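Enquirer: If you scroll down you'll find the structure; I have some questions about it.
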Amino acid sequence: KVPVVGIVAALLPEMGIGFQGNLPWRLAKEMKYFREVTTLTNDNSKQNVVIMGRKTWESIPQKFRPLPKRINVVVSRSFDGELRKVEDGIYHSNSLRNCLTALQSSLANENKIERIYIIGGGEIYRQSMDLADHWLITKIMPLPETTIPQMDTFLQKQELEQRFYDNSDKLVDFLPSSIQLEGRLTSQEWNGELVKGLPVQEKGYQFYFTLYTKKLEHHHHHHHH
Ligand SMILES: NC(=O)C1=CN([C@@H]2O[C@H](COP(=O)(O)OP(=O)(O)OC[C@H]3O[C@@H](n4cnc5c(N)ncnc54)[C@H](OP(=O)(O)O)[C@@H]3O)[C@@H](O)[C@H]2O)C=CC1
Ligand SMILES: CCCc1nc(N)nc(N)c1C#CCc1cc(OC)ccc1OC
Ligand SMILES: [Mg+2]
Ligand SMILES: [Mg+2]
């Protein structure tokens with residue numbers, strides 16, 4: 001019942017997301033977007049969840065974690081159960097899938113979660129293609145002068161485009177009401193792909209905030225008792 005949204009910043013065209021356990025760039029405006037989108041809710045009485053892999057957790061600066069004003073869940077196969085409170089603001093789960101089921105119980109969650117954001121792991125994103133209802137993808141491009149950063153972790157673009165379509169026309173409507181974005185909706189060709197969304201420039205990069213949504217599904221079967 002609660003929307004599950006993967007959120008990620010990726011450098012085109014390979015959609016690289018990381019290098020040696022860290023981000024390949026440092027972009028304050030992209031950081032600001034991530035913070036505001038994952039924090040803010042339309043309903044003042046709710047929070048969002050942010051679910052992450054152990055390795056992503058370990059890579060967030062210690063002064064900045066857990067991420068304020070959001071329910072943090074860290075997943076590790078060495079943890080004890082599906083969803084366990086370990087400290088203020090911090091849950092542990094030994095299962096991405098079972099933690100989502102647990103978070104979705106109206107009984108457990110009192111309908112006071114607005115959205116569940118999956119905020120990474122490369123490994124976590126790989127497993128999320130079949131779990132996410134949408135993706136918020138910041139598509140990053142080095143400006144002509146700009147050296148492409150080295151990268152070793154990538155979003156599965158093939159799986160993305162199999163399952164989801166570019167719904168960035170609806171990005172503004174989709175984001176929490178009180179967020180304010182600088183750009184206007186723009187469509188630009190870049191190395192032979194259409195890049196559509198809300199543009200920003202910072203340091204060596206231009207980037208677009210985009211929204212991907214699940215493609216329509218045929219009706220093959222509905223479970224009957
Ligand atoms: N650009 C962006 O928008 C973002 C980029 N990143 C980047 O991604 C990289 C980190 O990604 P990656 O190395 O893949 O690691 P992840 O952050 O995806 O963490 C992987 C770990 O999560 C645990 N795990 C994986 N699947 C499950 C599951 N189904 N249930 C329970 N636990 C599970 C395992 O922990 P364990 O080994 O303890 O069992 C595994 O080693 C970094 O470079 C980081 O900078 C991260 C977030 C955002
Ligand atoms: C700094 C926002 C980037 C970001 N951007 C987008 N579009 N999606 C995301 N999921 C993240 C993310 C993340 C997790 C993260 C947070 C962080 O400080 C808060 C430091 C390192 C991080 O991962 C290595
Ligand atoms: Mg535990
Ligand atoms: Mg699992």
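Just so we're on the same page: first chain in the structure tokens is A, next is B, and so on; residues restart at 1 for each chain, and ligands are numbered from 1 in the order they show up.
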Taking the DSSP assignment computed from this structure's backbone, write out as a JSON list (two decimals) with N, CA, C and O atoms, in the first residue's frame all residues of range 4-206 of chain A that belong to strand (DSSP E or B).
Expert:
[["chain", "number", "residue", "atom", "x", "y", "z"],
["A", 4, "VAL", "N", 6.95, 2.10, -3.05],
["A", 4, "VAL", "CA", 8.37, 1.83, -2.92],
["A", 4, "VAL", "C", 9.14, 2.48, -4.09],
["A", 4, "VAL", "O", 8.86, 2.21, -5.26],
["A", 5, "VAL", "N", 10.05, 3.37, -3.75],
["A", 5, "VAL", "CA", 10.74, 4.19, -4.74],
["A", 5, "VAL", "C", 12.26, 4.02, -4.59],
["A", 5, "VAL", "O", 12.83, 4.34, -3.54],
["A", 6, "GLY", "N", 12.91, 3.53, -5.63],
["A", 6, "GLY", "CA", 14.36, 3.55, -5.67],
["A", 6, "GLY", "C", 14.81, 4.96, -6.00],
["A", 6, "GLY", "O", 14.20, 5.64, -6.81],
["A", 7, "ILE", "N", 15.82, 5.44, -5.29],
["A", 7, "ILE", "CA", 16.37, 6.75, -5.60],
["A", 7, "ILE", "C", 17.89, 6.67, -5.68],
["A", 7, "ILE", "O", 18.54, 6.02, -4.86],
["A", 8, "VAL", "N", 18.44, 7.25, -6.74],
["A", 8, "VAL", "CA", 19.82, 7.00, -7.13],
["A", 8, "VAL", "C", 20.30, 8.14, -8.02],
["A", 8, "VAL", "O", 19.52, 8.71, -8.76],
["A", 9, "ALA", "N", 21.59, 8.46, -7.92],
["A", 9, "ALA", "CA", 22.24, 9.35, -8.87],
["A", 9, "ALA", "C", 23.24, 8.57, -9.72],
["A", 9, "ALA", "O", 24.07, 7.83, -9.19],
["A", 10, "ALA", "N", 23.10, 8.69, -11.03],
["A", 10, "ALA", "CA", 23.84, 7.83, -11.98],
["A", 10, "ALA", "C", 24.44, 8.65, -13.12],
["A", 10, "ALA", "O", 23.78, 9.52, -13.69],
["A", 11, "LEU", "N", 25.70, 8.36, -13.45],
["A", 11, "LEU", "CA", 26.38, 9.06, -14.53],
["A", 11, "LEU", "C", 26.16, 8.32, -15.85],
["A", 11, "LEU", "O", 26.54, 7.15, -15.99],
["A", 16, "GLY", "N", 26.92, 4.69, -14.00],
["A", 16, "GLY", "CA", 27.82, 4.44, -12.88],
["A", 16, "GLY", "C", 27.38, 5.19, -11.65],
["A", 16, "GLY", "O", 26.87, 6.30, -11.75],
["A", 17, "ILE", "N", 27.52, 4.56, -10.47],
["A", 17, "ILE", "CA", 26.98, 5.16, -9.24],
["A", 17, "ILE", "C", 28.00, 5.26, -8.10],
["A", 17, "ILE", "O", 27.71, 5.86, -7.06],
["A", 18, "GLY", "N", 29.17, 4.66, -8.28],
["A", 18, "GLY", "CA", 30.12, 4.50, -7.18],
["A", 18, "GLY", "C", 31.52, 4.09, -7.61],
["A", 18, "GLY", "O", 31.71, 3.54, -8.71],
["A", 19, "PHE", "N", 32.48, 4.33, -6.73],
["A", 19, "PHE", "CA", 33.85, 3.88, -6.93],
["A", 19, "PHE", "C", 34.50, 3.67, -5.56],
["A", 19, "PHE", "O", 34.51, 4.57, -4.71],
["A", 22, "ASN", "N", 32.67, 4.67, -2.30],
["A", 22, "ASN", "CA", 32.20, 6.05, -2.23],
["A", 22, "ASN", "C", 31.53, 6.54, -3.52],
["A", 22, "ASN", "O", 31.57, 5.88, -4.54],
["A", 47, "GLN", "N", 6.50, 9.98, 8.30],
["A", 47, "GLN", "CA", 7.88, 10.03, 7.80],
["A", 47, "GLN", "C", 8.03, 9.07, 6.63],
["A", 47, "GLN", "O", 7.19, 8.20, 6.43],
["A", 48, "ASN", "N", 9.13, 9.21, 5.90],
["A", 48, "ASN", "CA", 9.54, 8.19, 4.94],
["A", 48, "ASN", "C", 10.54, 7.23, 5.56],
["A", 48, "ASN", "O", 11.18, 7.53, 6.57],
["A", 49, "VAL", "N", 10.63, 6.05, 4.96],
["A", 49, "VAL", "CA", 11.69, 5.12, 5.26],
["A", 49, "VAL", "C", 12.80, 5.27, 4.23],
["A", 49, "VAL", "O", 12.54, 5.54, 3.04],
["A", 50, "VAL", "N", 14.04, 5.17, 4.69],
["A", 50, "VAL", "CA", 15.19, 4.93, 3.80],
["A", 50, "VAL", "C", 15.87, 3.59, 4.11],
["A", 50, "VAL", "O", 16.33, 3.36, 5.22],
["A", 51, "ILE", "N", 15.85, 2.70, 3.12],
["A", 51, "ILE", "CA", 16.43, 1.37, 3.25],
["A", 51, "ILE", "C", 17.75, 1.35, 2.49],
["A", 51, "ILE", "O", 17.82, 1.76, 1.31],
["A", 52, "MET", "N", 18.79, 0.84, 3.13],
["A", 52, "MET", "CA", 20.10, 0.75, 2.48],
["A", 52, "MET", "C", 20.85, -0.53, 2.82],
["A", 52, "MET", "O", 20.65, -1.13, 3.88],
["A", 53, "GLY", "N", 21.75, -0.92, 1.93],
["A", 53, "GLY", "CA", 22.69, -1.99, 2.19],
["A", 53, "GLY", "C", 23.75, -1.59, 3.22],
["A", 53, "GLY", "O", 24.05, -0.40, 3.40],
["A", 71, "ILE", "N", 13.00, 7.22, 8.89],
["A", 71, "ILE", "CA", 13.29, 5.89, 9.45],
["A", 71, "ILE", "C", 14.38, 5.16, 8.63],
["A", 71, "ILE", "O", 14.21, 4.93, 7.42],
["A", 72, "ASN", "N", 15.51, 4.88, 9.27],
["A", 72, "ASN", "CA", 16.65, 4.23, 8.59],
["A", 72, "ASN", "C", 16.56, 2.73, 8.82],
["A", 72, "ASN", "O", 16.42, 2.28, 9.96],
["A", 73, "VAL", "N", 16.67, 1.96, 7.74],
["A", 73, "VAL", "CA", 16.82, 0.52, 7.82],
["A", 73, "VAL", "C", 18.11, 0.10, 7.11],
["A", 73, "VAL", "O", 18.31, 0.43, 5.94],
["A", 74, "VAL", "N", 18.94, -0.66, 7.80],
["A", 74, "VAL", "CA", 20.15, -1.19, 7.20],
["A", 74, "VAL", "C", 20.01, -2.68, 7.05],
["A", 74, "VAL", "O", 19.59, -3.36, 7.99],
["A", 75, "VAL", "N", 20.28, -3.19, 5.85],
["A", 75, "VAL", "CA", 20.21, -4.62, 5.61],
["A", 75, "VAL", "C", 21.57, -5.29, 5.49],
["A", 75, "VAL", "O", 22.50, -4.78, 4.83],
["A", 84, "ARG", "N", 14.23, -5.15, 13.04],
["A", 84, "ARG", "CA", 14.56, -5.09, 14.45],
["A", 84, "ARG", "C", 15.07, -3.70, 14.75],
["A", 84, "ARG", "O", 15.97, -3.19, 14.06],
["A", 85, "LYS", "N", 14.50, -3.05, 15.76],
["A", 85, "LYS", "CA", 15.06, -1.81, 16.25],
["A", 85, "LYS", "C", 16.34, -2.06, 17.03],
["A", 85, "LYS", "O", 16.36, -2.84, 17.97],
["A", 86, "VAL", "N", 17.42, -1.41, 16.61],
["A", 86, "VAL", "CA", 18.72, -1.54, 17.29],
["A", 86, "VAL", "C", 19.17, -0.25, 17.99],
["A", 86, "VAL", "O", 19.96, -0.30, 18.94],
["A", 87, "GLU", "N", 18.67, 0.90, 17.53],
["A", 87, "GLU", "CA", 18.91, 2.19, 18.19],
["A", 87, "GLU", "C", 17.90, 3.23, 17.70],
["A", 87, "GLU", "O", 17.20, 3.01, 16.70],
["A", 90, "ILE", "N", 17.24, 3.73, 13.97],
["A", 90, "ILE", "CA", 17.93, 2.66, 13.25],
["A", 90, "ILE", "C", 17.25, 1.30, 13.42],
["A", 90, "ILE", "O", 17.08, 0.81, 14.56],
["A", 91, "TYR", "N", 16.80, 0.74, 12.30],
["A", 91, "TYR", "CA", 16.40, -0.67, 12.23],
["A", 91, "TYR", "C", 17.43, -1.50, 11.49],
["A", 91, "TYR", "O", 18.08, -1.01, 10.55],
["A", 92, "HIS", "N", 17.57, -2.74, 11.93],
["A", 92, "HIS", "CA", 18.33, -3.74, 11.18],
["A", 92, "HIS", "C", 17.43, -4.82, 10.60],
["A", 92, "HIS", "O", 16.50, -5.30, 11.26],
["A", 93, "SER", "N", 17.73, -5.23, 9.37],
["A", 93, "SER", "CA", 17.06, -6.38, 8.74],
["A", 93, "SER", "C", 18.05, -7.30, 8.05],
["A", 93, "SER", "O", 19.00, -6.85, 7.40],
["A", 113, "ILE", "N", 3.81, 5.80, 7.66],
["A", 113, "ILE", "CA", 4.86, 5.90, 6.65],
["A", 113, "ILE", "C", 4.25, 6.34, 5.33],
["A", 113, "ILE", "O", 3.30, 5.73, 4.84],
["A", 114, "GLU", "N", 4.82, 7.37, 4.72],
["A", 114, "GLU", "CA", 4.28, 7.86, 3.46],
["A", 114, "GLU", "C", 4.89, 7.14, 2.25],
["A", 114, "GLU", "O", 4.16, 6.55, 1.44],
["A", 115, "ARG", "N", 6.23, 7.14, 2.18],
["A", 115, "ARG", "CA", 6.96, 6.37, 1.16],
["A", 115, "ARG", "C", 8.13, 5.60, 1.74],
["A", 115, "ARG", "O", 8.70, 5.98, 2.76],
["A", 116, "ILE", "N", 8.49, 4.53, 1.05],
["A", 116, "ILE", "CA", 9.71, 3.78, 1.33],
["A", 116, "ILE", "C", 10.69, 4.03, 0.18],
["A", 116, "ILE", "O", 10.44, 3.63, -0.97],
["A", 117, "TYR", "N", 11.79, 4.71, 0.48],
["A", 117, "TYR", "CA", 12.85, 4.94, -0.49],
["A", 117, "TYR", "C", 13.94, 3.90, -0.31],
["A", 117, "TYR", "O", 14.45, 3.71, 0.79],
["A", 118, "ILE", "N", 14.31, 3.26, -1.41],
["A", 118, "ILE", "CA", 15.51, 2.44, -1.45],
["A", 118, "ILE", "C", 16.67, 3.28, -2.00],
["A", 118, "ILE", "O", 16.65, 3.73, -3.16],
["A", 134, "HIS", "N", 8.52, 2.92, -8.55],
["A", 134, "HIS", "CA", 9.11, 4.00, -9.35],
["A", 134, "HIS", "C", 10.62, 4.05, -9.10],
["A", 134, "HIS", "O", 11.12, 3.45, -8.14],
["A", 135, "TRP", "N", 11.33, 4.80, -9.94],
["A", 135, "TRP", "CA", 12.70, 5.20, -9.67],
["A", 135, "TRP", "C", 12.81, 6.72, -9.82],
["A", 135, "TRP", "O", 12.39, 7.28, -10.84],
["A", 136, "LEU", "N", 13.39, 7.39, -8.83],
["A", 136, "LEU", "CA", 13.89, 8.76, -9.04],
["A", 136, "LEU", "C", 15.37, 8.70, -9.38],
["A", 136, "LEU", "O", 16.17, 8.26, -8.57],
["A", 137, "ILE", "N", 15.72, 9.04, -10.61],
["A", 137, "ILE", "CA", 17.09, 8.88, -11.08],
["A", 137, "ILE", "C", 17.60, 10.25, -11.45],
["A", 137, "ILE", "O", 17.02, 10.94, -12.27],
["A", 138, "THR", "N", 18.67, 10.68, -10.78],
["A", 138, "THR", "CA", 19.41, 11.83, -11.22],
["A", 138, "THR", "C", 20.43, 11.44, -12.29],
["A", 138, "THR", "O", 21.37, 10.72, -12.02],
["A", 139, "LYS", "N", 20.18, 11.88, -13.53],
["A", 139, "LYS", "CA", 21.03, 11.50, -14.64],
["A", 139, "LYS", "C", 22.14, 12.54, -14.80],
["A", 139, "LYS", "O", 21.87, 13.70, -15.06],
["A", 140, "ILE", "N", 23.37, 12.12, -14.53],
["A", 140, "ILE", "CA", 24.50, 13.04, -14.49],
["A", 140, "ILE", "C", 25.36, 12.90, -15.78],
["A", 140, "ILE", "O", 25.65, 11.80, -16.23],
["A", 141, "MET", "N", 25.74, 14.04, -16.36],
["A", 141, "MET", "CA", 26.59, 14.07, -17.54],
["A", 141, "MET", "C", 27.75, 15.03, -17.30],
["A", 141, "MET", "O", 27.54, 16.17, -16.93],
["A", 142, "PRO", "N", 28.99, 14.56, -17.54],
["A", 142, "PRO", "CA", 30.12, 15.49, -17.51],
["A", 142, "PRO", "C", 29.97, 16.50, -18.63],
["A", 142, "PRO", "O", 29.58, 16.14, -19.73],
["A", 153, "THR", "N", 30.72, 0.58, -9.92],
["A", 153, "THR", "CA", 29.40, 0.12, -9.53],
["A", 153, "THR", "C", 28.37, 0.83, -10.40],
["A", 153, "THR", "O", 28.50, 2.03, -10.65],
["A", 154, "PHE", "N", 27.40, 0.07, -10.90],
["A", 154, "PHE", "CA", 26.52, 0.55, -11.95],
["A", 154, "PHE", "C", 25.08, 0.14, -11.70],
["A", 154, "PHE", "O", 24.81, -0.94, -11.18],
["A", 164, "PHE", "N", 10.42, -0.29, -16.67],
["A", 164, "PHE", "CA", 9.99, 1.08, -16.35],
["A", 164, "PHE", "C", 10.08, 1.98, -17.59],
["A", 164, "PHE", "O", 10.91, 1.75, -18.46],
["A", 165, "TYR", "N", 9.25, 3.01, -17.64],
["A", 165, "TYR", "CA", 9.35, 4.03, -18.68],
["A", 165, "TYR", "C", 9.67, 5.39, -18.09],
["A", 165, "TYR", "O", 9.37, 5.67, -16.92],
["A", 166, "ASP", "N", 10.23, 6.26, -18.92],
["A", 166, "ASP", "CA", 10.56, 7.61, -18.51],
["A", 166, "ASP", "C", 9.28, 8.41, -18.30],
["A", 166, "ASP", "O", 8.60, 8.75, -19.26],
["A", 186, "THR", "N", 12.81, 19.76, -19.39],
["A", 186, "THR", "CA", 13.65, 19.90, -20.59],
["A", 186, "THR", "C", 13.96, 18.54, -21.17],
["A", 186, "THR", "O", 14.17, 17.57, -20.42],
["A", 187, "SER", "N", 13.99, 18.48, -22.50],
["A", 187, "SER", "CA", 14.39, 17.27, -23.22],
["A", 187, "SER", "C", 15.64, 17.55, -24.05],
["A", 187, "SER", "O", 15.65, 18.45, -24.90],
["A", 188, "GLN", "N", 16.70, 16.79, -23.80],
["A", 188, "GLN", "CA", 17.97, 16.99, -24.48],
["A", 188, "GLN", "C", 18.55, 15.66, -24.93],
["A", 188, "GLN", "O", 18.56, 14.67, -24.17],
["A", 189, "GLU", "N", 19.04, 15.62, -26.16],
["A", 189, "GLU", "CA", 19.75, 14.45, -26.65],
["A", 189, "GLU", "C", 21.18, 14.46, -26.14],
["A", 189, "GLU", "O", 21.86, 15.48, -26.22],
["A", 190, "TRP", "N", 21.62, 13.34, -25.59],
["A", 190, "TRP", "CA", 23.00, 13.24, -25.13],
["A", 190, "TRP", "C", 23.59, 11.87, -25.41],
["A", 190, "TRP", "O", 23.09, 10.86, -24.91],
["A", 193, "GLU", "N", 20.90, 9.24, -26.54],
["A", 193, "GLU", "CA", 19.70, 8.96, -25.75],
["A", 193, "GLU", "C", 18.97, 10.23, -25.35],
["A", 193, "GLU", "O", 19.59, 11.26, -25.10],
["A", 194, "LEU", "N", 17.64, 10.15, -25.31],
["A", 194, "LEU", "CA", 16.82, 11.24, -24.82],
["A", 194, "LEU", "C", 16.93, 11.38, -23.30],
["A", 194, "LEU", "O", 16.68, 10.43, -22.55],
["A", 195, "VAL", "N", 17.34, 12.56, -22.87],
["A", 195, "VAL", "CA", 17.41, 12.88, -21.45],
["A", 195, "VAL", "C", 16.35, 13.93, -21.12],
["A", 195, "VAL", "O", 16.40, 15.06, -21.62],
["A", 196, "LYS", "N", 15.38, 13.53, -20.31],
["A", 196, "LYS", "CA", 14.26, 14.39, -20.00],
["A", 196, "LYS", "C", 14.10, 14.55, -18.49],
["A", 196, "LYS", "O", 14.10, 13.56, -17.74],
["A", 197, "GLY", "N", 13.96, 15.79, -18.04],
["A", 197, "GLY", "CA", 13.75, 16.05, -16.63],
["A", 197, "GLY", "C", 14.07, 17.49, -16.30],
["A", 197, "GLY", "O", 13.98, 18.39, -17.16],
["A", 198, "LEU", "N", 14.47, 17.70, -15.06],
["A", 198, "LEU", "CA", 14.66, 19.04, -14.53],
["A", 198, "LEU", "C", 16.13, 19.30, -14.29],
["A", 198, "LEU", "O", 16.78, 18.57, -13.53],
["A", 199, "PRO", "N", 16.71, 20.24, -15.07],
["A", 199, "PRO", "CA", 18.16, 20.35, -15.19],
["A", 199, "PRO", "C", 18.80, 21.21, -14.11],
["A", 199, "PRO", "O", 18.20, 22.18, -13.63],
["A", 200, "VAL", "N", 20.02, 20.84, -13.73],
["A", 200, "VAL", "CA", 20.85, 21.63, -12.84],
["A", 200, "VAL", "C", 22.29, 21.50, -13.34],
["A", 200, "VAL", "O", 22.66, 20.51, -13.96],
["A", 201, "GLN", "N", 23.10, 22.53, -13.08],
["A", 201, "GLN", "CA", 24.54, 22.43, -13.33],
["A", 201, "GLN", "C", 25.30, 22.72, -12.06],
["A", 201, "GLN", "O", 24.96, 23.64, -11.31],
["A", 202, "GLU", "N", 26.30, 21.89, -11.78],
["A", 202, "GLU", "CA", 27.18, 22.11, -10.65],
["A", 202, "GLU", "C", 28.56, 21.52, -10.89],
["A", 202, "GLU", "O", 28.70, 20.35, -11.27],
["A", 205, "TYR", "N", 29.57, 19.22, -14.03],
["A", 205, "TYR", "CA", 28.48, 18.33, -14.47],
["A", 205, "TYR", "C", 27.19, 19.09, -14.74],
["A", 205, "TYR", "O", 26.86, 20.06, -14.02],
["A", 206, "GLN", "N", 26.42, 18.61, -15.71],
["A", 206, "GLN", "CA", 25.00, 18.88, -15.78],
["A", 206, "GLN", "C", 24.22, 17.64, -15.36],
["A", 206, "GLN", "O", 24.63, 16.52, -15.68]]
Enquirer: Hey, which residues sit close to ligand 4? Say within 12 Å, counting only C-alpha atoms and all ligand atoms, and write them as number ranges by chain.
Expert: A: 53, 75-77, 81-83, 93-101, 123-128, 130-131
Enquirer: Write the residues of the selection above to a file with N, CA, C and O atoms, as a compact mmCIF listing (two decimals), in the first residue's frame.
Expert:
# COMPACT_ATOMS: atom_id res chain seq x y z
N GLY A 53 21.75 -0.92 1.93
CA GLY A 53 22.69 -1.99 2.19
C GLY A 53 23.75 -1.59 3.22
O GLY A 53 24.05 -0.40 3.40
N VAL A 75 20.28 -3.19 5.85
CA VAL A 75 20.21 -4.62 5.61
C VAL A 75 21.57 -5.29 5.49
O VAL A 75 22.50 -4.78 4.83
N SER A 76 21.71 -6.39 6.21
CA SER A 76 22.92 -7.20 6.19
C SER A 76 22.51 -8.63 6.46
O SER A 76 21.67 -8.89 7.31
N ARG A 77 23.12 -9.56 5.73
CA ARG A 77 22.73 -10.96 5.85
C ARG A 77 23.14 -11.53 7.19
O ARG A 77 22.59 -12.52 7.64
N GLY A 81 17.09 -10.56 12.26
CA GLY A 81 15.71 -10.78 11.85
C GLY A 81 15.24 -9.86 10.74
O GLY A 81 16.03 -9.11 10.16
N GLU A 82 13.94 -9.90 10.47
CA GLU A 82 13.35 -9.20 9.33
C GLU A 82 13.33 -7.70 9.53
O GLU A 82 13.40 -6.94 8.57
N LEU A 83 13.19 -7.27 10.79
CA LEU A 83 13.02 -5.86 11.10
C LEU A 83 13.09 -5.63 12.60
O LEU A 83 12.11 -5.86 13.33
N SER A 93 17.73 -5.23 9.37
CA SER A 93 17.06 -6.38 8.74
C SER A 93 18.05 -7.30 8.05
O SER A 93 19.00 -6.85 7.40
N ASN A 94 17.78 -8.61 8.12
CA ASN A 94 18.58 -9.57 7.38
C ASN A 94 17.99 -9.91 6.02
O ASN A 94 18.42 -10.87 5.38
N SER A 95 17.02 -9.11 5.57
CA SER A 95 16.33 -9.39 4.29
C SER A 95 15.65 -8.15 3.71
O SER A 95 14.65 -7.68 4.25
N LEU A 96 16.14 -7.69 2.56
CA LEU A 96 15.49 -6.60 1.85
C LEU A 96 14.00 -6.89 1.65
O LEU A 96 13.14 -6.06 1.98
N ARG A 97 13.69 -8.08 1.12
CA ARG A 97 12.30 -8.43 0.78
C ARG A 97 11.39 -8.55 2.00
O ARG A 97 10.23 -8.09 1.97
N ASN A 98 11.88 -9.19 3.05
CA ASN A 98 11.07 -9.38 4.26
C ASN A 98 10.92 -8.08 5.05
O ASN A 98 9.88 -7.82 5.64
N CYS A 99 11.94 -7.25 5.02
CA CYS A 99 11.78 -5.92 5.61
C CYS A 99 10.72 -5.06 4.91
O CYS A 99 9.87 -4.50 5.58
N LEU A 100 10.65 -5.11 3.58
CA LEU A 100 9.57 -4.42 2.87
C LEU A 100 8.18 -4.93 3.26
O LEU A 100 7.26 -4.13 3.48
N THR A 101 8.02 -6.24 3.37
CA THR A 101 6.74 -6.83 3.80
C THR A 101 6.37 -6.34 5.19
O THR A 101 5.22 -5.95 5.44
N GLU A 123 24.30 -3.48 -5.04
CA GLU A 123 23.76 -4.82 -4.83
C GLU A 123 22.27 -4.74 -4.46
O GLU A 123 21.43 -5.52 -4.97
N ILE A 124 21.94 -3.74 -3.65
CA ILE A 124 20.56 -3.47 -3.24
C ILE A 124 19.68 -3.04 -4.41
O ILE A 124 18.57 -3.54 -4.57
N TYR A 125 20.20 -2.15 -5.27
CA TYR A 125 19.47 -1.74 -6.49
C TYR A 125 19.18 -2.94 -7.44
O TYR A 125 18.10 -3.03 -8.03
N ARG A 126 20.18 -3.80 -7.61
CA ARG A 126 20.02 -4.99 -8.45
C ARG A 126 18.79 -5.81 -8.04
O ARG A 126 18.02 -6.26 -8.90
N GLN A 127 18.56 -5.90 -6.74
CA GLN A 127 17.47 -6.68 -6.20
C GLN A 127 16.15 -5.91 -6.16
O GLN A 127 15.10 -6.46 -5.80
N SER A 128 16.21 -4.62 -6.48
CA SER A 128 15.06 -3.76 -6.29
C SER A 128 14.25 -3.52 -7.55
O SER A 128 13.20 -2.91 -7.50
N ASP A 130 12.50 -5.44 -9.21
CA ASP A 130 11.20 -6.11 -9.13
C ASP A 130 10.39 -5.70 -7.91
O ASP A 130 9.30 -6.23 -7.68
N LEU A 131 10.91 -4.76 -7.15
CA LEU A 131 10.30 -4.38 -5.89
C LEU A 131 9.78 -2.94 -5.97
O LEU A 131 8.81 -2.59 -5.30
Enquirer: Show me, as a PyMOL selection string, the residues that have an atom within 12 Å of residue 61 in chain A when counting only C-alpha atoms, minus same-chain residues fewer than 5 positions from it.
Expert: chain A and resi 22-23+56+66-67
Enquirer: Where does DSSP see alpha helix (DSSP H) in range 86-187 of chain A, if you list the residues as a PyMOL selection string?
Expert: chain A and resi 96-104+106-109+122-126+157-163+171-174
Enquirer: In Å, rounded to a single decimal, give me how far CA of residue 1 in chain A is from CA of residue 222 in chain A.
Expert: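 Here the two named atoms are 17.4 Å from each other.
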Enquirer: Looking at A:80, A:161, A:182, A:36, which one is nearest to ligand 3, with distances taken over only C-alpha atoms and all ligand atoms?
Expert: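 Of the candidates, the smallest distance to ligand 3 is held by A:80.
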Enquirer: Quick one: residues within 12 Å of residue 147 in chain A, only C-alpha atoms counted, chain neighbours fewer than 2 positions away excluded, as an NGL selection string?
Expert: :A and (24-25 or 141-145 or 149-150 or 203-205)
Enquirer: Counting only C-alpha atoms and all ligand atoms, which of A:29, A:54, A:46, A:157 gets nearest to ligand 3?
Expert: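 Using only C-alpha atoms and all ligand atoms, the shortest distance to ligand 3 belongs to A:54.
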Enquirer: Find the residue from A:152, A:173, A:88, A:217 that sits nearest to residue 42 in chain A; use only C-alpha atoms when measuring.
Expert: A:173
